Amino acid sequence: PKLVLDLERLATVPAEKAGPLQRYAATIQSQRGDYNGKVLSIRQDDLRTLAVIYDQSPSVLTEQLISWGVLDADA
């Protein structure tokens, strides 16, 4: 399963919920110099680190991102 984020839906999720995801995605973009600004695919191991940053299980985290329509239901 692929992990693809919607950069445009993400930007409008309030910081209180999405702040740490937004900052994480920004550090990847800066490192990449990847500023397409529509979509961002991350490594499957980036999910474990986000889950730690969010303090949830990778599983709980995924379902939340999907619930926001940021992460394609494919994952």
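Numbers follow the displayed sequence, beginning with 1.
Sort the chain's modelled residues by C-alpha temperature factor and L71 lands in the highest third, per the entry. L5: CA B factor in the middle third of modelled residues in this chain (values from the PDB entry). Looking at the C-alpha B-factors along this chain, the one for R32 belongs to the lowest third. Per the deposited record, the Cα B-factor of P20 falls in the lowest third when ranked against the other modelled residues of its chain. For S41, the recorded CA B-factor ranks within the lowest third of the chain. Only modelled residues enter the ranking.
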